[PDB]
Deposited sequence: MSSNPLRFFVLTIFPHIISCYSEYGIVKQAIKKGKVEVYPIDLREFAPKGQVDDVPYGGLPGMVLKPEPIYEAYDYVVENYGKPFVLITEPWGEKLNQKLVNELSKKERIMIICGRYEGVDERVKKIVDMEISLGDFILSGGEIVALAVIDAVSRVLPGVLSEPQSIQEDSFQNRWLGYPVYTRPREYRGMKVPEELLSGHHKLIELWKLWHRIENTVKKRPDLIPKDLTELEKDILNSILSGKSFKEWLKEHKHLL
């Protein structure tokens, strides 16, 4: 009962492709996760997987039938999945959800597109990724982010997981902080850098620009 992911999308290759590298690929290779891209079009008549919405709107919406059909196919061939939906405007998860999800066994991620998914689908939706603050054209990227975040918090995948520096001791004249270089007589000093700088970057995510509008209304 390795964690199985079932991603519903009109672009399955994007999912296959992301699973061939990094931690997702490591997770799969170690039998800790499986990722199944389900092509919505294989559950639809003339690939018409979207249609003109009602009440006159400028675009198209994903139909109920192919999504329900693909749901059934998954419940039948694998167990009943925990159904997650990523809409074109929804991308605001946190470590909480990731952890929660990491404890599951079967996950179906519906990748929203266009003007969204027909509400009748919500009847089999368990969770919806809340609005984020920017717009994508589809849910794939969020699905991958989910798959990514979850995969790396699974036991057996990740071995053992302030500014950081690496080998090149001096490059283009830029030199690593001598603190970080010696350090038995730095055990506590290296821990100085650690803090003396680990907080500066925490209250400084990005300057001043919008900081004058947010702070200025608190």
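*Asks:* Numbered from 1 along the deposited sequence, what ranges are absent from the coordinates?
*Replies:* Since the structure holds only modelled residues, the stretches it omits are 1-3, 165-178, 236-257.
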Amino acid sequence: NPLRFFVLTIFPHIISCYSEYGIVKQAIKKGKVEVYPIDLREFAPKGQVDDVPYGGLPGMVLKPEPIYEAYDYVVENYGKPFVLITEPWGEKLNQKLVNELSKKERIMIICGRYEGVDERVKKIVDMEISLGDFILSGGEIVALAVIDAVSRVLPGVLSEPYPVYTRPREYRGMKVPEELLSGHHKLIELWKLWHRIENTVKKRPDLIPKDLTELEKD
From here on, numbers count along this sequence of modelled residues.
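*Asks:* Look up the CA B-factors in the entry and say which stretch, 120-128 or 137-145, has the higher mean.
*Replies:* Comparing averages over the C-alpha atoms only gives 120-128.
*Asks:* Looking at the deposited entry, does 146-154 or 189-197 carry the larger mean Cα B-factor?
*Replies:* Stretch with the higher mean C-alpha B-factor: 189-197.
*Asks:* If I read the C-alpha B-factors straight from the PDB entry, which of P66, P163, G59, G31 is highest?
*Replies:* Comparing C-alpha B-factors across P66, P163, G59, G31, the maximum falls on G59.
*Asks:* Among the modelled residues of this chain, does the Cα B factor of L180 put it in the lowest, middle or highest third?
*Replies:* For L180, whose C-alpha B-factor we compare with every modelled residue in the chain, the answer is the highest third.
*Asks:* Going by the entry, which third of its chain does the Cα temperature factor of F43 land in?
*Replies:* CA B-factor rank for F43: middle third.
*Asks:* Ordered by C-alpha B-factor within the chain, which third holds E105? Give me lowest, middle or highest, please.
*Replies:* Middle third of the chain for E105's C-alpha B-factor.
*Asks:* According to the PDB entry, is the CA B factor of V75 in the bottom, middle or top third of its chain, that is, lowest, middle or highest?
*Replies:* Middle third - that is where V75 ends up once the chain's C-alpha B-factors are sorted.
*Asks:* Lowest, middle or highest third of the chain for the C-alpha temperature factor of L93?
*Replies:* Highest third - that is where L93 ends up once the chain's C-alpha B-factors are sorted.
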